[PDB]
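# Coordinate analysis (summary)
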Amino acid sequence: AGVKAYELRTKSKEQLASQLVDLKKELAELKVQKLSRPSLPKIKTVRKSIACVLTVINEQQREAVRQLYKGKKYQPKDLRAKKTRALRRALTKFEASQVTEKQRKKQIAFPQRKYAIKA
Amino acid sequence: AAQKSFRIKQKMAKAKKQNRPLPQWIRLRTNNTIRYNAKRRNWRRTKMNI
Amino acid sequence: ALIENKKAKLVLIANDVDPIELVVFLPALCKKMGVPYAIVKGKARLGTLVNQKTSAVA
Amino acid sequence: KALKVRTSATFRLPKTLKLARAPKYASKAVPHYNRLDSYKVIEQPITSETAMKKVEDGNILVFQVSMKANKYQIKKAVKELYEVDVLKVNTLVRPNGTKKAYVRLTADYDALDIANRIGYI
Amino acid sequence: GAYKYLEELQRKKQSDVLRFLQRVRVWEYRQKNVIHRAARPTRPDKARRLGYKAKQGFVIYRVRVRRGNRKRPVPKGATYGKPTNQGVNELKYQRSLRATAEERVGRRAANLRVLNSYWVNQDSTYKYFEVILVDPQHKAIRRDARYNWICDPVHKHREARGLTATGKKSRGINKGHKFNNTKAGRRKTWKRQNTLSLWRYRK
RNA sequence: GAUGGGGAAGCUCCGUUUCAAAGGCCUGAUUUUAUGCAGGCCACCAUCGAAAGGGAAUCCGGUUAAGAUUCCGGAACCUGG
RNA sequence: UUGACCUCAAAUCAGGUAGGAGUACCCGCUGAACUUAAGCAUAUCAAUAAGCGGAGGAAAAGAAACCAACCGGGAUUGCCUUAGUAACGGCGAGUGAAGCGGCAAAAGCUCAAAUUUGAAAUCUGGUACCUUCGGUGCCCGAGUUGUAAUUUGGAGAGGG
Ligand SMILES: [Mg+2]
Ligand SMILES: [Mg+2]
Ligand SMILES: [Mg+2]
Ligand SMILES: [Mg+2]
Ligand SMILES: [Mg+2]
Ligand SMILES: [Mg+2]
Ligand SMILES: [Mg+2]
Ligand SMILES: [Mg+2]
Ligand SMILES: [Mg+2]
Ligand SMILES: [Mg+2]
Ligand SMILES: [Mg+2]
Ligand SMILES: [Mg+2]
Ligand SMILES: [Mg+2]
Ligand SMILES: [Mg+2]
Ligand SMILES: [Mg+2]
Ligand SMILES: [Mg+2]
Ligand SMILES: [Mg+2]
Ligand SMILES: [Mg+2]
Ligand SMILES: [Mg+2]
Ligand SMILES: [Mg+2]
Ligand SMILES: [Mg+2]
Ligand SMILES: [Mg+2]
Ligand SMILES: [Mg+2]
Ligand SMILES: [Mg+2]
Ligand SMILES: [Mg+2]
Ligand SMILES: [Mg+2]
Ligand SMILES: [Mg+2]
Ligand SMILES: [Mg+2]
Ligand SMILES: [Mg+2]
Ligand SMILES: [Mg+2]
Ligand SMILES: [Mg+2]
Ligand SMILES: [Mg+2]
Ligand SMILES: [Mg+2]
Ligand SMILES: [Mg+2]
Ligand SMILES: [Mg+2]
Ligand SMILES: [Mg+2]
Ligand SMILES: [Mg+2]
Ligand SMILES: [Mg+2]
Ligand SMILES: [Mg+2]
Ligand SMILES: [Mg+2]
Ligand SMILES: [Mg+2]
Ligand SMILES: [Mg+2]
Ligand SMILES: [Mg+2]
Ligand SMILES: [Mg+2]
Ligand SMILES: [Mg+2]
Ligand SMILES: [Mg+2]
Ligand SMILES: [Mg+2]
Ligand SMILES: [Mg+2]
Ligand SMILES: [Mg+2]
Ligand SMILES: [Mg+2]
Ligand SMILES: [Mg+2]
Ligand SMILES: [Mg+2]
Ligand SMILES: [Mg+2]
Ligand SMILES: [Mg+2]
Ligand SMILES: [Mg+2]
Ligand SMILES: [Mg+2]
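Residues numbered from 1 in each chain as written, not as in the entry; some residues may be left out. Chains lettered and ligands numbered in written order. Part of a larger assembly, values for the part shown. Heavy atoms only, no water.

A few words on the overall build of chain B. On a plain count of helices and strands, chain B comes out with one helix and zero strands. Taking 2.2 N^0.38 as the reference for a compact globule, 50 residues should give roughly 10 Å; the C-alpha atoms of chain B span a radius of gyration of 15 Å, well beyond that estimate. Judged by the C-alpha coordinates and their principal axes, chain B covers about 45 × 20 × 15 Å. Expressed as a percentage of its 50 residues, the buried residues of chain B come to 6%. (Helix = DSSP H or I, 4+ residues; strand = E, 2+ residues; numbered from the N terminus. Rg over C-alpha atoms; globule rule 2.2 N^0.38 Å. Buried < 20%, exposed > 50% of the residue type's maximum accessible area, 1.4 Å probe, protein only.)

Distances from the magnesium ion (ligand 34) to its protein donors, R186 of chain E (NH2), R187 of chain E (NE) and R187 of chain E (NH2), fall within 2.2 to 2.7 Å. Residue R186 of chain E shares its accessibility class with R187 of chain E, and that shared class is exposed. (Donors = N, O, S within 2.8 Å, 3.2 Å for Na, K, Ca; no water.)

Of all four pairs of chains that touch, the greatest number of contacts is found between chains A and D. Where chain A comes nearest to chain B, the C-alpha atoms are still 15 Å apart, and the two do not contact one another. Between chain C and chain D there is no contact; the minimum C-alpha to C-alpha separation amounts to 19 Å. (Contact = heavy atoms within 4.5 Å.)

To continue, consider the interface of chain A and chain D. In this assembly, 18 residues from chain A lie in contact with 16 residues from chain D. Here chain A packs against chain D, burying approximately 1,500 Å² in sum over the two surfaces, 64% of which is carbon and sulfur. Considering only the surface of chain A that becomes buried against chain D, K24, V32 and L35 of chain A emerge as the three largest contributors, covering 32% of it. At the surface where chain A touches chain D, the tally comes to one salt bridge. The residue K24 of chain A makes a salt bridge to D37 of chain D at a minimum N-O spacing of 2.4 Å. Our enumeration of links across chain A and chain D arrives at four residue pairs in polar contact. (Buried area = accessible area lost by both parts, 1.4 Å probe. Salt bridge = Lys/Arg side-chain N within 4 Å of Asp/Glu carboxyl O. Polar contact = N/O pair within 3.5 Å; in protein donor to acceptor, adjacent residues only side chain to side chain.)

For the coordinates displayed, the defined rule picks out five aromatic pairs over all chains. Aromatic side chains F25 of chain C and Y5 of chain E sit 4.9 Å apart centroid to centroid with 15° between the ring planes, which places their arrangement in the stacked category. Of this pair, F25 of chain C sits in the loop between β1 (11-14) and α1 (26-32) while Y5 of chain E is found in helix α1 (residues 3-11), placing the two residues in two different chains. Between the aromatic rings of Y52 of chain E and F58 of chain E, the centroid separation amounts to 6.3 Å while the plane-to-plane angle is 70°, which identifies the pairing as edge-to-face. (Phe/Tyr/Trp six-rings, centres within 6.5 Å; stacked < 30°, edge-to-face > 60°.)

Bringing the environment of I114 of chain D into the picture now. Residue and element names in this part refer to chain D. Relative to the elements of secondary structure, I114 occurs in helix α4 (residues 111-118). Each C-alpha atom, one on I114 and one on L61, is 8.9 Å from the other, the two residues being 53 residues apart in sequence. What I114 contacts, discounting residues up to four positions off in sequence, is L61, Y82 and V84.

The next subject is the protein's contact with RNA strand F. Residues in close proximity to RNA strand F total 18 residues, the closest being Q3 of chain B, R104 of chain D together with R66, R70 and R107 of chain E. For RNA strand F, the fraction of protein-proximal atoms (within 4 Å) that sit in sugar or phosphate groups is 59%. At a separation of 3.0 Å, a base oxygen of RNA strand F approaches a polar side-chain atom of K15 of chain D. One nitrogen or oxygen atom from the side chain of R104 of chain D is found 2.7 Å from a phosphate oxygen belonging to RNA strand F. For the surface near RNA strand F, the element with the most residues is helix α4 (residues 97-108) of chain E, which contributes three residues. (Near = heavy atom within 4 Å.)

That's the geometry; what it means functionally is another story.
In structure tokens, the structure reads:
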């Protein structure tokens, strides 16, 4: 059978912890029964279920942290958008659009005008 | 030998678990070109060199 | 720039300046231009009348 | 006007005030869970033709234990998952990678009654 | 500005006033370390016309280099070759010591960029240079578009590739018939004149 | 064999206590309180390096297809609190 | 006694950066010899291999302290060509550019040296708030040993 991911996001931190303890008793009883019978494929469909509970809990904990650093500077590093190293050590779009005040007068007075040859 | 470190003994576990033939269900698979185990190591002929 | 236009009245010179090449020509300018110049001890008491730290001339 | 008298002929670094950390952001922002759980210390009961002779006769309850567990973390894992007191914890590293644990129980707690209770005999 | 007065006073190096300050500063800088922080420029006219602005980020370092020729590092003067290259002592190090002075402060402060450098003082054993460095990650340098080009990653370690005032001089990048051996790069003008170009429809 | 330093275009070399502001233990002070401060002291000044050097403290009996002064039974010792 | 300046430190102080890999191409340093000269030492191989430092998707060069001697041209790079010529070389072997012309591509510019002086008008950081790859307000600081505005040689500034 196995658990589903969308039915674990509607549960609290206490209920997901209480579900996670019961799933580790499932391996603690079926690894005992693993040496009795020569083949037990039932252990595969529950170790992926613990990997699904540990994903929803890790999802709810990180989203709780993202709501208190929201709207302020100095967020932690793993919450930052990485996207590469080389563009993080680079000029931002505001700092690359910084034109000097002398060239700003030249762009207003004489911009790149359009022209054509027809007559 | 017999009074060793853990790092030397750690590679002995990988060297022991690889000294075995192929499983019997390997040769029956679809499109298999493997006929035997070519990495069989014997302690008398080819030493592992740690 | 105020000495060359004869617009200075009393020029103070601080001896505490460690880059001395900034300040060696200041008694030379005030001598030819007729500006009376004074040498005062410490650039720290010149920053109290101006609310700065380094105020070598006034 | 007078200076400070110095009774020693050696000038040294003055003791200053070292501040404690008041960080603007957490380092990893998530308190990580227990890396070695109570269900991760013990991983498999060992049922050989020799390990079962220590359960019935020697009062030794043999477990297979992960490599990151000492004698401390095995004794508090049997007392938590079973409520069974432990006299001694005895470990050896197997030659095939994992670690074997010989756990001798007390005289008041029998090892054959806990074997058939959980499922292996 | 009064920096025109400092410009003519600095040109009289063998005057009676700049021979007193030469001897005090050659002793003060020798008792300090080889590469140490200079918290204030001693020549405010030279640094300003090289690009020093009195704000947060522009850092002056003072550096010391040894004086003389480059002895060949071969063991015991043994060449093992033709007698043309047999000489050891009289090899004279095709880079300027001003560029070596810029390179040693680059390895120590790898988070700053070497802008320029200038001579201050010397003796028979050392040369003294005040090398100006610009901090690129400071927000006054990331803004203020006069100096936003140093944050571009093609200017990483300009002192090691010859892009400074003494780097382009030692490489010999100038305009002229005298600079035909190197005008845009010596190893680039060497490969344009020895590449045997074989076309599609061969002439 | 790092560091402070001194060389070297540089990979790195020398030195290791030498032209260095190079450090941590006992106790008292507190009854908003946690550990800041008053001392009295102490300058020793990385670290690695011999399962035959130095070096705290266990024995006998029994036991397994193969384990032992390590398990069991009995009897001791040392270190730390 | 107390408050500053200057210089130099201390921090598991607040938050930022490099160091390594790759290395075909690219920027410098350093640097041979076999071979050729029918020997060999200058030369040649070669301002190459190896070694070393440092970047990017290109790098580098670049808006003349230029080419020219003409009715002058007009940043740099690439190609055709000049040319295998001028010249260098026991002028021995060998080595060897550049100006013009045609074409691909074409884009130019800003810092100091000036008194804002009837008003540091400039900027980092902290904090509150928000249409937050940012802005406003506030509080410290950097800074007069000079931060904005103006101009930088083609001009331009101060007056009328
Ligand atoms: Mg990264
Ligand atoms: Mg970053
Ligand atoms: Mg042994
Ligand atoms: Mg043999
Ligand atoms: Mg052999
Ligand atoms: Mg070996
Ligand atoms: Mg053991
Ligand atoms: Mg002169
Ligand atoms: Mg400063
Ligand atoms: Mg030789
Ligand atoms: Mg040689
Ligand atoms: Mg000397
Ligand atoms: Mg350039
Ligand atoms: Mg040439
Ligand atoms: Mg080149
Ligand atoms: Mg050719
Ligand atoms: Mg050629
Ligand atoms: Mg063709
Ligand atoms: Mg043909
Ligand atoms: Mg060493
Ligand atoms: Mg030893
Ligand atoms: Mg040791
Ligand atoms: Mg020993
Ligand atoms: Mg011994
Ligand atoms: Mg016995
Ligand atoms: Mg046994
Ligand atoms: Mg035996
Ligand atoms: Mg016993
Ligand atoms: Mg007893
Ligand atoms: Mg005791
Ligand atoms: Mg910190
Ligand atoms: Mg690198
Ligand atoms: Mg390389
Ligand atoms: Mg080169
Ligand atoms: Mg050479
Ligand atoms: Mg050959
Ligand atoms: Mg020959
Ligand atoms: Mg021959
Ligand atoms: Mg020969
Ligand atoms: Mg030769
Ligand atoms: Mg040849
Ligand atoms: Mg050559
Ligand atoms: Mg190479
Ligand atoms: Mg890249
Ligand atoms: Mg680019
Ligand atoms: Mg392109
Ligand atoms: Mg121009
Ligand atoms: Mg004409
Ligand atoms: Mg041209
Ligand atoms: Mg010819
Ligand atoms: Mg020849
Ligand atoms: Mg010839
Ligand atoms: Mg040649
Ligand atoms: Mg043309
Ligand atoms: Mg432009
Ligand atoms: Mg300006």
